[PDB]
């Protein structure tokens, strides 16, 4: 079908956080996960469409932190919303971008935001160029929000939020397709010297 687009999740892995060595200050970023990307978060319709993705985080927002991801290509710091993983002392901050590398990392610091095209955050009629899929890049960093014990800590799998597919084609827009944005759970290690 022309509008038979279906969602697929985009996921990032707790297991890529390096060991956290502590030689304190809260909040502070304790490491970045390896950024991930999915070209086909929405895919499958036979008719090309102008599409955009609205990300709504759905974990509790604890506060803000200023940061500049080592990954991505922003040259100045931004405020990021710190989201509660549920594990005391541990939050995450999120950035998302369009799939293609020229598009910028968008700090998640609003109750919802268009991750691609960023033009849509100030132009309600802006969409990606017409094509047959919508994808994205996902960036996450862990934040110490309080004192961490030594040793291993398990992070549960968390749904960071969802991307709503919007389009200037009503039949596709009105499906309100949504794709989950996932933090795959895992184990981190703190070495408190």
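Residue numbers count along the first chain shown, from 1.
Visitor: Please determine whether residue 180 lacks coordinates in at least a third of the other PDB entries of this protein that model its flanking residues.
Guide: Modelled in all the others, so no.
Visitor: Quick one: across the other PDB entries of this protein we compared, is residue 18 left without coordinates in at least a third of them?
Guide: No.
Visitor: Report, from the record, the number of residues in the deposited sequence between residue 23 and residue 24 that have no coordinates, as none, 1 to 3, 4 to 9, or 10 or more.
Guide: Some 4 to 9 residues are missing between them.
Visitor: Averaged over C-alpha atoms, is the B-factor higher for 49-57 or for 147-155 in this PDB entry?
Guide: Between 147-155 and 49-57, it is 147-155 that shows the higher mean C-alpha B-factor.
Visitor: Averaging C-alpha B-factors over each stretch, which comes out higher, 74-82 or 109-117?
Guide: Going by the record's values, the stretch with the higher mean is 74-82.
Visitor: Between 34, 133, 128, 125, which one tops the list for Cα B-factor in this entry?
Guide: If I rank 34, 133, 128, 125 by C-alpha B-factor, first place goes to 125.
Visitor: Compare the C-alpha B factor of residue 188 with those of the other modelled residues in its chain, then answer lowest, middle or highest third.
Guide: Lowest third, going by the recorded CA B-factors of the chain.
Visitor: Thinking about Cα B factors across the chain, which third does residue 11 belong to?
Guide: Residue 11: CA B-factor falls in the middle third of its chain.
Visitor: Which third of the chain holds residue 43 when residues are ordered by C-alpha B factor: lowest, middle or highest?
Guide: Answer is middle: the recorded C-alpha B-factor places it there.
Visitor: Using the B-factors in the PDB entry, rank residue 94's C-alpha atom against the chain and give the third, lowest, middle or highest.
Guide: For residue 94, the deposited C-alpha B-factor lands in the lowest third.
Visitor: Sort the modelled residues of this chain by their C-alpha B factor and say whether residue 68 lands in the lowest, middle or highest third.
Guide: For residue 68, the deposited C-alpha B-factor lands in the highest third.
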